[PDB]
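Source file work.pdb; content: PDB, C-alpha atoms.
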MODEL        1
ATOM      1  CA  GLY A   2     129.912 108.896 126.988
ATOM      2  CA  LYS A   3     129.680 105.665 124.953
ATOM      3  CA  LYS A   4     132.888 104.328 123.388
ATOM      4  CA  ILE A   5     133.685 101.733 120.680
ATOM      5  CA  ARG A   6     136.840 100.293 122.331
ATOM      6  CA  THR A   7     135.466  97.258 124.182
ATOM      7  CA  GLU A   8     135.904  93.469 124.420
ATOM      8  CA  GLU A   9     132.628  92.929 122.521
ATOM      9  CA  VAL A  10     133.692  95.112 119.543
ATOM     10  CA  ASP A  11     137.027  93.214 119.564
ATOM     11  CA  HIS A  12     135.145  89.914 119.152
ATOM     12  CA  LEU A  13     132.939  91.382 116.377
ATOM     13  CA  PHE A  14     136.210  92.397 114.512
ATOM     14  CA  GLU A  15     137.591  88.877 114.971
ATOM     15  CA  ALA A  16     134.494  87.588 113.203
ATOM     16  CA  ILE A  17     134.924  90.116 110.351
ATOM     17  CA  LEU A  18     138.603  89.269 109.997
ATOM     18  CA  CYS A  19     137.840  85.612 109.276
ATOM     19  CA  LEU A  20     135.667  86.442 106.228
ATOM     20  CA  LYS A  21     137.593  85.251 103.159
ATOM     21  CA  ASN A  22     135.759  86.558 100.070
ATOM     22  CA  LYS A  23     132.843  88.711  98.974
ATOM     23  CA  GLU A  24     130.392  85.808  99.151
ATOM     24  CA  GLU A  25     131.216  85.244 102.804
ATOM     25  CA  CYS A  26     130.671  89.043 103.384
ATOM     26  CA  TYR A  27     127.145  88.929 101.895
ATOM     27  CA  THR A  28     126.457  85.845 104.023
ATOM     28  CA  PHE A  29     127.684  87.453 107.241
ATOM     29  CA  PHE A  30     126.649  91.069 106.751
ATOM     30  CA  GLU A  31     123.150  90.191 105.559
ATOM     31  CA  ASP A  32     122.633  88.319 108.862
ATOM     32  CA  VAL A  33     123.966  91.067 111.119
ATOM     33  CA  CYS A  34     122.678  94.173 109.222
ATOM     34  CA  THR A  35     119.361  95.262 107.749
ATOM     35  CA  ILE A  36     119.317  96.005 104.022
ATOM     36  CA  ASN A  37     119.142  99.748 104.800
ATOM     37  CA  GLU A  38     122.139  99.623 107.131
ATOM     38  CA  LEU A  39     124.318  97.816 104.622
ATOM     39  CA  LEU A  40     123.227 100.168 101.843
ATOM     40  CA  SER A  41     123.995 103.144 104.099
ATOM     41  CA  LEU A  42     127.514 101.829 104.701
ATOM     42  CA  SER A  43     128.071 101.237 100.961
ATOM     43  CA  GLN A  44     126.805 104.735 100.165
ATOM     44  CA  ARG A  45     129.295 106.321 102.608
ATOM     45  CA  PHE A  46     132.157 104.326 101.088
ATOM     46  CA  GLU A  47     131.158 105.389  97.544
ATOM     47  CA  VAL A  48     130.904 109.048  98.722
ATOM     48  CA  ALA A  49     134.418 108.779 100.287
ATOM     49  CA  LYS A  50     135.814 107.421  96.960
ATOM     50  CA  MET A  51     134.257 110.322  94.993
ATOM     51  CA  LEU A  52     135.377 112.944  97.509
ATOM     52  CA  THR A  53     138.912 111.589  97.082
ATOM     53  CA  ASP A  54     138.440 111.801  93.319
ATOM     54  CA  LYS A  55     137.735 115.561  93.878
ATOM     55  CA  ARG A  56     134.188 115.366  92.538
ATOM     56  CA  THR A  57     131.657 118.110  93.329
ATOM     57  CA  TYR A  58     128.820 117.572  95.862
ATOM     58  CA  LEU A  59     126.172 117.569  93.095
ATOM     59  CA  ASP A  60     128.104 114.858  91.111
ATOM     60  CA  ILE A  61     128.411 112.865  94.381
ATOM     61  CA  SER A  62     124.755 113.311  95.376
ATOM     62  CA  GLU A  63     123.540 112.293  91.852
ATOM     63  CA  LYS A  64     125.693 109.176  91.691
ATOM     64  CA  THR A  65     125.399 107.986  95.277
ATOM     65  CA  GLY A  66     121.952 109.267  96.340
ATOM     66  CA  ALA A  67     123.593 111.010  99.353
ATOM     67  CA  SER A  68     122.307 114.329 100.787
ATOM     68  CA  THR A  69     124.711 117.177 101.617
ATOM     69  CA  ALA A  70     124.435 116.210 105.348
ATOM     70  CA  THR A  71     125.609 112.648 104.594
ATOM     71  CA  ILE A  72     128.376 113.864 102.218
ATOM     72  CA  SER A  73     129.563 116.443 104.782
ATOM     73  CA  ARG A  74     129.793 113.769 107.493
ATOM     74  CA  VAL A  75     131.896 111.479 105.204
ATOM     75  CA  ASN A  76     134.008 114.508 104.275
ATOM     76  CA  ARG A  77     134.651 115.202 107.949
ATOM     77  CA  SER A  78     135.769 111.557 108.500
ATOM     78  CA  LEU A  79     137.945 111.765 105.439
ATOM     79  CA  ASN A  80     139.788 114.915 106.504
ATOM     80  CA  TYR A  81     139.788 114.661 110.253
ATOM     81  CA  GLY A  82     139.432 110.957 111.092
ATOM     82  CA  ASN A  83     141.836 108.015 111.198
ATOM     83  CA  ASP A  84     142.824 107.981 107.524
ATOM     84  CA  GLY A  85     140.984 104.608 107.364
ATOM     85  CA  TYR A  86     139.406 105.312 103.944
ATOM     86  CA  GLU A  87     142.804 106.201 102.450
ATOM     87  CA  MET A  88     144.349 103.150 104.131
ATOM     88  CA  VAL A  89     141.974 100.777 102.298
ATOM     89  CA  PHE A  90     142.087 102.839  99.015
ATOM     90  CA  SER A  91     145.927 102.381  98.817
ATOM     91  CA  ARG A  92     145.862  98.764  99.734
ATOM     92  CA  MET A  93     143.204  98.077  97.111
ATOM     93  CA  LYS A  94     145.462  99.760  94.472
ATOM     94  CA  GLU A  95     148.431  97.580  95.511
ATOM     95  CA  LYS A  96     146.256  94.476  95.067
ATOM     96  CA  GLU A  97     146.150  95.224  91.318
TER
ATOM     97  CA  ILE B   5     121.679  94.335  98.155
ATOM     98  CA  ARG B   6     123.951  92.606  95.618
ATOM     99  CA  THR B   7     125.541  95.581  93.775
ATOM    100  CA  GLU B   8     128.995  96.626  92.514
ATOM    101  CA  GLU B   9     128.996  99.421  95.110
ATOM    102  CA  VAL B  10     128.395  96.933  97.944
ATOM    103  CA  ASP B  11     131.087  94.650  96.394
ATOM    104  CA  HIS B  12     133.422  97.630  96.564
ATOM    105  CA  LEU B  13     132.783  98.162 100.315
ATOM    106  CA  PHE B  14     133.405  94.428 100.862
ATOM    107  CA  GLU B  15     136.763  94.527  98.962
ATOM    108  CA  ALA B  16     137.786  97.252 101.442
ATOM    109  CA  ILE B  17     136.671  95.221 104.471
ATOM    110  CA  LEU B  18     138.568  92.181 103.138
ATOM    111  CA  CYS B  19     141.896  94.102 103.018
ATOM    112  CA  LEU B  20     141.865  94.702 106.813
ATOM    113  CA  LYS B  21     144.387  92.422 108.557
ATOM    114  CA  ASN B  22     143.956  92.934 112.345
ATOM    115  CA  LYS B  23     141.779  94.477 115.078
ATOM    116  CA  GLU B  24     143.695  97.766 115.047
ATOM    117  CA  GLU B  25     142.947  98.204 111.337
ATOM    118  CA  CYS B  26     139.298  97.412 111.903
ATOM    119  CA  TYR B  27     139.101 100.138 114.558
ATOM    120  CA  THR B  28     140.805 102.513 112.104
ATOM    121  CA  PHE B  29     138.402 101.766 109.233
ATOM    122  CA  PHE B  30     135.048 101.173 111.109
ATOM    123  CA  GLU B  31     135.441 104.184 113.380
ATOM    124  CA  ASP B  32     135.748 106.284 110.168
ATOM    125  CA  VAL B  33     132.727 104.627 108.411
ATOM    126  CA  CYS B  34     130.252 104.062 111.292
ATOM    127  CA  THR B  35     128.943 106.151 114.094
ATOM    128  CA  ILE B  36     129.534 104.955 117.709
ATOM    129  CA  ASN B  37     125.886 103.926 118.069
ATOM    130  CA  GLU B  38     125.986 101.930 114.802
ATOM    131  CA  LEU B  39     129.117 100.034 115.705
ATOM    132  CA  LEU B  40     127.783  99.322 119.227
ATOM    133  CA  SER B  41     124.433  98.002 117.819
ATOM    134  CA  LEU B  42     126.307  95.622 115.550
ATOM    135  CA  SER B  43     128.501  94.418 118.424
ATOM    136  CA  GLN B  44     125.388  94.076 120.593
ATOM    137  CA  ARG B  45     123.675  91.849 117.904
ATOM    138  CA  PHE B  46     126.755  89.722 117.639
ATOM    139  CA  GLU B  47     126.914  89.118 121.412
ATOM    140  CA  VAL B  48     123.123  88.487 121.432
ATOM    141  CA  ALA B  49     123.643  85.958 118.589
ATOM    142  CA  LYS B  50     126.310  84.188 120.631
ATOM    143  CA  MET B  51     124.185  83.958 123.799
ATOM    144  CA  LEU B  52     121.156  82.835 121.751
ATOM    145  CA  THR B  53     123.289  80.061 120.242
ATOM    146  CA  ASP B  54     124.215  79.112 123.823
ATOM    147  CA  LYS B  55     120.500  78.903 124.834
ATOM    148  CA  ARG B  56     120.569  81.818 127.276
ATOM    149  CA  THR B  57     117.158  83.247 128.188
ATOM    150  CA  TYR B  58     115.980  86.619 126.906
ATOM    151  CA  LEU B  59     116.150  87.711 130.554
ATOM    152  CA  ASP B  60     119.839  86.776 130.904
ATOM    153  CA  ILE B  61     120.552  88.337 127.505
ATOM    154  CA  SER B  62     118.849  91.675 128.242
ATOM    155  CA  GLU B  63     120.635  91.921 131.594
ATOM    156  CA  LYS B  64     124.072  91.121 130.113
ATOM    157  CA  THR B  65     123.832  93.125 126.865
ATOM    158  CA  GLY B  66     121.021  95.618 127.503
ATOM    159  CA  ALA B  67     119.240  94.439 124.306
ATOM    160  CA  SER B  68     115.477  94.904 124.092
ATOM    161  CA  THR B  69     113.189  91.981 123.394
ATOM    162  CA  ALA B  70     112.744  93.393 119.854
ATOM    163  CA  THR B  71     116.471  93.323 119.325
ATOM    164  CA  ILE B  72     116.825  89.809 120.621
ATOM    165  CA  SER B  73     113.865  88.582 118.514
ATOM    166  CA  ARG B  74     115.402  90.031 115.349
ATOM    167  CA  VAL B  75     118.759  88.346 116.017
ATOM    168  CA  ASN B  76     116.885  85.131 116.703
ATOM    169  CA  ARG B  77     114.967  85.507 113.400
ATOM    170  CA  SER B  78     118.384  85.796 111.682
ATOM    171  CA  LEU B  79     119.743  82.634 113.333
ATOM    172  CA  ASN B  80     116.616  80.635 112.398
ATOM    173  CA  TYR B  81     115.870  81.800 108.837
ATOM    174  CA  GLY B  82     119.037  83.588 107.631
ATOM    175  CA  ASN B  83     122.274  82.612 105.849
ATOM    176  CA  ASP B  84     123.986  80.838 108.732
ATOM    177  CA  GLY B  85     126.559  83.694 108.718
ATOM    178  CA  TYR B  86     126.775  83.839 112.494
ATOM    179  CA  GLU B  87     127.293  80.062 112.623
ATOM    180  CA  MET B  88     130.005  80.311 109.913
ATOM    181  CA  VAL B  89     132.035  82.855 111.934
ATOM    182  CA  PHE B  90     131.423  81.142 115.317
ATOM    183  CA  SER B  91     132.866  77.878 113.941
ATOM    184  CA  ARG B  92     136.026  79.555 112.555
ATOM    185  CA  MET B  93     136.702  81.517 115.726
ATOM    186  CA  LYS B  94     136.551  78.237 117.692
ATOM    187  CA  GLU B  95     139.097  76.568 115.396
ATOM    188  CA  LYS B  96     141.434  79.511 115.619
ATOM    189  CA  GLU B  97     140.995  78.905 119.379
ATOM    190  CA  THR B  98     141.737  75.158 119.069
TER
ENDMDL
END

Go ahead and render the structure in this file as structure tokens.
Amino acid sequence: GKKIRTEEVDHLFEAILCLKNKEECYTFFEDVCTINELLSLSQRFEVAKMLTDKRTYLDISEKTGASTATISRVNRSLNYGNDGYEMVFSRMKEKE
Amino acid sequence: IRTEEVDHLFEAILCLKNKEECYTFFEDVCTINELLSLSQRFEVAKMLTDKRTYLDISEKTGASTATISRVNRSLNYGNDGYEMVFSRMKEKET
């Protein structure tokens, strides 16, 4: 049905790509997202980091607030998605 | 919203270098519906900035009046984040 590959998502990514530091991310993402949406994105990213650190689901749920349903969905993206989490994890390590 | 865990997400977003990498990363982190709502707000924001009517905006983007009103609220009383990115995309263009 619905698909993310479109001209409009392309333009949204152009906007994201011009953000230069964390302050500009708060400025932009607070305008475009609700607090709950941005917190949900941050929670998934934290869950992905802990799954890659081989932590248990209880450890993950305690630290991140995530339910098993949310953890399972990140886990599925992690193991069967685009390798996008691992892409940014490596690049962040290079950085320092 | 200002936490070390949100900082961490933003460090990740900042290491993306092109549209292909954004598709890679955001398709893993967001659902289809989430990414499409964000893109919809961003197009609404653009058309609002260009003084298009709610009518013309709904028809072009499918956004509800509630959606359009929220984006408008953001343009009026927010951080000027939309404005910041619009300006830079125009200069890349020029």

* Asked: Nearest to residue 39 in chain B: which of A:38, A:32, A:54, A:25 is it, counting only C-alpha atoms?
  ->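 So, comparing all the options, the nearest one is A:38.
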
* To do: Show which residues sit within 12 Å of range 10-13 of chain B, as a PyMOL selection string. Count all atoms listed in the file, and ignore same-chain residues fewer than 6 positions away.
  => (chain A and resi 22-27+30-31+36-50+65+86+89-90+93) or (chain B and resi 19-20+29-30+33)

Restrict the selected residues to C-alpha atoms and save them as a CSV table (one decimal), keeping the file's coordinate frame.
chain,number,residue,atom,x,y,z
A,22,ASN,CA,135.8,86.6,100.1
A,23,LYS,CA,132.8,88.7,99.0
A,24,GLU,CA,130.4,85.8,99.2
A,25,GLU,CA,131.2,85.2,102.8
A,26,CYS,CA,130.7,89.0,103.4
A,27,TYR,CA,127.1,88.9,101.9
A,30,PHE,CA,126.6,91.1,106.8
A,31,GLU,CA,123.2,90.2,105.6
A,36,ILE,CA,119.3,96.0,104.0
A,37,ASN,CA,119.1,99.7,104.8
A,38,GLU,CA,122.1,99.6,107.1
A,39,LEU,CA,124.3,97.8,104.6
A,40,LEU,CA,123.2,100.2,101.8
A,41,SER,CA,124.0,103.1,104.1
A,42,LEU,CA,127.5,101.8,104.7
A,43,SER,CA,128.1,101.2,101.0
A,44,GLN,CA,126.8,104.7,100.2
A,45,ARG,CA,129.3,106.3,102.6
A,46,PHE,CA,132.2,104.3,101.1
A,47,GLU,CA,131.2,105.4,97.5
A,48,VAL,CA,130.9,109.0,98.7
A,49,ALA,CA,134.4,108.8,100.3
A,50,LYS,CA,135.8,107.4,97.0
A,65,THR,CA,125.4,108.0,95.3
A,86,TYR,CA,139.4,105.3,103.9
A,89,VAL,CA,142.0,100.8,102.3
A,90,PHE,CA,142.1,102.8,99.0
A,93,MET,CA,143.2,98.1,97.1
B,19,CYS,CA,141.9,94.1,103.0
B,20,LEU,CA,141.9,94.7,106.8
B,29,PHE,CA,138.4,101.8,109.2
B,30,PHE,CA,135.0,101.2,111.1
B,33,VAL,CA,132.7,104.6,108.4

* **CA of residue 7 in chain A to CA of residue 33 in chain A, straight-line distance in Å** =>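 So the two atoms, CA of residue 33 in chain A and CA of residue 7 in chain A, lie 18.5 Å apart.
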
* Quick one: distance from CA of residue 14 in chain A to CA of residue 97 in chain B in Å, one decimal? -> 15.1 Å

Centre and edge lengths, as AutoDock Vina command-line options, for the axis-aligned box enclosing every listed atom of range 35-41 of chain B with 5 Å of padding on each of the six sides, in Å to one decimal?
--center_x 127.0 --center_y 102.1 --center_z 116.7 --size_x 15.1 --size_y 18.1 --size_z 15.1

* To do: Give the answer as one residue: which of A:13, A:95, A:62, A:53 has the shortest atom-to-atom distance to chain B, using only C-alpha atoms?
  =>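 Of A:13, A:95, A:62, A:53, the one nearest chain B, counting only C-alpha atoms, is A:13.
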
Mind listing as a PDB file with C-alpha atoms, keeping the file's coordinate frame which residues of chain B are within 6 Å of chain A, counting only C-alpha atoms?
ATOM      1  CA  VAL B  10     128.395  96.933  97.944  1.00  0.00           C
ATOM      2  CA  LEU B  13     132.783  98.162 100.315  1.00  0.00           C
ATOM      3  CA  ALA B  16     137.786  97.252 101.442  1.00  0.00           C
ATOM      4  CA  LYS B  23     141.779  94.477 115.078  1.00  0.00           C
ATOM      5  CA  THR B  28     140.805 102.513 112.104  1.00  0.00           C
ATOM      6  CA  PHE B  29     138.402 101.766 109.233  1.00  0.00           C
ATOM      7  CA  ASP B  32     135.748 106.284 110.168  1.00  0.00           C
ATOM      8  CA  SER B  43     128.501  94.418 118.424  1.00  0.00           C
ATOM      9  CA  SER B  78     118.384  85.796 111.682  1.00  0.00           C
ATOM     10  CA  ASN B  83     122.274  82.612 105.849  1.00  0.00           C
ATOM     11  CA  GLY B  85     126.559  83.694 108.718  1.00  0.00           C
ATOM     12  CA  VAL B  89     132.035  82.855 111.934  1.00  0.00           C
TER      13      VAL B  89
END

* In Å to one decimal, how far is CA of residue 94 in chain A from CA of residue 18 in chain B? ->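 Calculated distance between CA of residue 18 in chain B and CA of residue 94 in chain A is 13.4 Å.
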
* Any chance you could resolve the PyMOL selection byres ((chain B and resi 63-73) around 10) against this file and give the residues as a list in words? =>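 Output from the PyMOL selection byres ((chain B and resi 63-73) around 10), applied to this file: residues 9 of chain A; 41, 43, 44, 45, 47, 48, 49, 51, 52, 57, 58, 59, 60, 61, 62, 74, 75, 76, 77, 78 and 79 of chain B.
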
* To do: Would you write out, as a list in words, every residue that the PyMOL selection byres ((chain A and resi 58) around 10) captures in this file?
  =>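 Against this file, the PyMOL selection byres ((chain A and resi 58) around 10) returns the residues residues 48, 51, 52, 55, 56, 57, 59, 60, 61, 62, 63, 64, 67, 68, 69, 72 and 73 of chain A.
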
* B:87, B:31, B:38, B:24: which is nearest residue 50 in chain B, counting all atoms listed in the file? ->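 Looking only at the distances to residue 50 in chain B, the closest residue turns out to be B:87.
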
* **Closest of B:98, B:92, B:17, B:80 to residue 53 in chain B - atom-to-atom distances counting all atoms listed in the file** =>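 Using all atoms listed in the file, the shortest distance to residue 53 in chain B belongs to B:80.
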
Got a minute to add N, CA, C and O atoms to range 31-44 of chain B and dump it as a PDB file, keeping the file's coordinate frame?
ATOM      1  N   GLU B  31     135.696 102.936 112.692  1.00  0.00           N
ATOM      2  CA  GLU B  31     135.441 104.184 113.380  1.00  0.00           C
ATOM      3  C   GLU B  31     135.260 105.323 112.347  1.00  0.00           C
ATOM      4  O   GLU B  31     134.501 106.263 112.584  1.00  0.00           O
ATOM      5  N   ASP B  32     135.951 105.252 111.211  1.00  0.00           N
ATOM      6  CA  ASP B  32     135.748 106.284 110.168  1.00  0.00           C
ATOM      7  C   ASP B  32     134.370 106.132 109.466  1.00  0.00           C
ATOM      8  O   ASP B  32     133.665 107.138 109.290  1.00  0.00           O
ATOM      9  N   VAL B  33     133.960 104.889 109.195  1.00  0.00           N
ATOM     10  CA  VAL B  33     132.727 104.627 108.411  1.00  0.00           C
ATOM     11  C   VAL B  33     131.422 104.621 109.213  1.00  0.00           C
ATOM     12  O   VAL B  33     130.385 105.024 108.686  1.00  0.00           O
ATOM     13  N   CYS B  34     131.456 104.175 110.470  1.00  0.00           N
ATOM     14  CA  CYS B  34     130.252 104.062 111.292  1.00  0.00           C
ATOM     15  C   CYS B  34     130.213 105.075 112.373  1.00  0.00           C
ATOM     16  O   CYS B  34     131.229 105.554 112.817  1.00  0.00           O
ATOM     17  N   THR B  35     129.032 105.346 112.885  1.00  0.00           N
ATOM     18  CA  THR B  35     128.943 106.151 114.094  1.00  0.00           C
ATOM     19  C   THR B  35     129.168 105.189 115.292  1.00  0.00           C
ATOM     20  O   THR B  35     129.174 103.963 115.127  1.00  0.00           O
ATOM     21  N   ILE B  36     129.361 105.750 116.475  1.00  0.00           N
ATOM     22  CA  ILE B  36     129.534 104.955 117.709  1.00  0.00           C
ATOM     23  C   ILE B  36     128.319 104.061 117.957  1.00  0.00           C
ATOM     24  O   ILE B  36     128.467 102.854 118.172  1.00  0.00           O
ATOM     25  N   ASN B  37     127.129 104.654 117.869  1.00  0.00           N
ATOM     26  CA  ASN B  37     125.886 103.926 118.069  1.00  0.00           C
ATOM     27  C   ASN B  37     125.708 102.804 117.067  1.00  0.00           C
ATOM     28  O   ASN B  37     125.251 101.717 117.450  1.00  0.00           O
ATOM     29  N   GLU B  38     126.105 103.019 115.801  1.00  0.00           N
ATOM     30  CA  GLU B  38     125.986 101.930 114.802  1.00  0.00           C
ATOM     31  C   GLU B  38     126.922 100.777 115.110  1.00  0.00           C
ATOM     32  O   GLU B  38     126.539  99.610 115.073  1.00  0.00           O
ATOM     33  N   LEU B  39     128.168 101.094 115.411  1.00  0.00           N
ATOM     34  CA  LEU B  39     129.117 100.034 115.705  1.00  0.00           C
ATOM     35  C   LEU B  39     128.735  99.244 117.002  1.00  0.00           C
ATOM     36  O   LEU B  39     128.871  98.005 117.085  1.00  0.00           O
ATOM     37  N   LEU B  40     128.274  99.968 118.004  1.00  0.00           N
ATOM     38  CA  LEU B  40     127.783  99.322 119.227  1.00  0.00           C
ATOM     39  C   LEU B  40     126.516  98.468 118.990  1.00  0.00           C
ATOM     40  O   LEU B  40     126.377  97.426 119.652  1.00  0.00           O
ATOM     41  N   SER B  41     125.615  98.858 118.070  1.00  0.00           N
ATOM     42  CA  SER B  41     124.433  98.002 117.819  1.00  0.00           C
ATOM     43  C   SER B  41     124.838  96.724 117.132  1.00  0.00           C
ATOM     44  O   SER B  41     124.326  95.677 117.450  1.00  0.00           O
ATOM     45  N   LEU B  42     125.776  96.813 116.186  1.00  0.00           N
ATOM     46  CA  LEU B  42     126.307  95.622 115.550  1.00  0.00           C
ATOM     47  C   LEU B  42     126.978  94.662 116.545  1.00  0.00           C
ATOM     48  O   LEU B  42     126.783  93.463 116.470  1.00  0.00           O
ATOM     49  N   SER B  43     127.835  95.201 117.417  1.00  0.00           N
ATOM     50  CA  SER B  43     128.501  94.418 118.424  1.00  0.00           C
ATOM     51  C   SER B  43     127.473  93.792 119.396  1.00  0.00           C
ATOM     52  O   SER B  43     127.580  92.620 119.765  1.00  0.00           O
ATOM     53  N   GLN B  44     126.488  94.592 119.803  1.00  0.00           N
ATOM     54  CA  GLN B  44     125.388  94.076 120.593  1.00  0.00           C
ATOM     55  C   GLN B  44     124.673  92.879 119.904  1.00  0.00           C
ATOM     56  O   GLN B  44     124.455  91.844 120.542  1.00  0.00           O
TER      57      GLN B  44
END
